[PDB]
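This document starts with two versions of one protein chain, written out as structure tokens and named structure 1 and structure 2.
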Structure 1
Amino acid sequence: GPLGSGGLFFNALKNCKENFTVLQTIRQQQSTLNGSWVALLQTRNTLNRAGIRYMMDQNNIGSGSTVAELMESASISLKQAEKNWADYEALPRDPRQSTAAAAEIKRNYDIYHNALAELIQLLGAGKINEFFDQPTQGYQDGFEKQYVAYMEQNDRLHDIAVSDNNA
């Protein structure tokens, strides 16, 4: 078109720099959310290991890490979840991301995160029965559903940026 090389270059550089900023935004949200999700799963598994060790200790068998060591490890991983979740929330968002879906991920994150913190409290208090009975699976499932939707949203944004860069 009746547009010069200088112009074509400026426009290409403008778009590239915009596209890059989108990928950066998305990559960071992805790594922080992922780090929070993994640390919650770790916490959950560690608490289950603690329950097993407890039930093993009843019949004076049971080895490996102690209930106390496992509880402390779960606390450390829950702190890792929280750290990653704070980083996630503070990141600048892309204007096109749904604020409604962001609110849902957060709602489910708090339910699941709080359930694990509660398990840690129940355990350290001796409320073993309460501990074994929490419907944790449902809480986790609710966060995961949102996590998937969020990633699907971000993959789309990713693709828009890629398509543009290719053209």
Structure 2
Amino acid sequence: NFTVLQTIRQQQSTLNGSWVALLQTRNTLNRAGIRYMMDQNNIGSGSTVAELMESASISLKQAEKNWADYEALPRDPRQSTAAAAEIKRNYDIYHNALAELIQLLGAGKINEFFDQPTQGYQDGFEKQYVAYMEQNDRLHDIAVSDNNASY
């Protein structure tokens, strides 16, 4: 009881961070596509393309890592192994186009990149992430429900 509650909650904790980090990564990568762009009309504001890249790396790995602390969180006998497997592959697709994005940029061909239906992968993840959360909020209360009762 008392214990299935930090687990499920360190899982949220951890999965949110990953979520946010992928999102910060996407937006950064997008300020690179932006500045590589004025950088081709021989202009450029704020920061070099390049720092956005590395800043794009530091965050994707912060993302890759938060995701690892999650996975390493041990599942309650009550959590669907199919559920977990579903968010993970959506996390895997999203994540990957993100990684693939960067490359596209370093490879400089910028039309191949704006066209990656990243929105589709992100959403694919957003859904499971919420479904997951819902699954966990429900389990969570279910536990609180047997304790506060059994007490």
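Numbering runs along the sequence of structure 1, starting at 1. Residues that one form lacks are left out of the comparison. Definition used throughout: the rigid core is the maximal C-alpha set that superposes within 1.5 Å between two forms.
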Considering only 57, 69, 141, 110, single out the residue whose C-alpha is displaced by at least 2 Å between structures 1 and 2 after superposing the rigid core. 57
Residue 161: Cα shift between structures 1 and 2 after core superposition, Å, came to 2.2
Shift in Å of the residue 42 Cα between structures 1 and 2 [rigid core superposition]: 0.4
In Å, the rigid core superposition gives a C-alpha shift for residue 132 between structures 1 and 2 of 1.5
After superposing on the rigid core, the runs of 3 or more consecutive residues whose C-alphas all shift by 2 Å or more between structures 1 and 2 are 54 to 62, 161 to 167
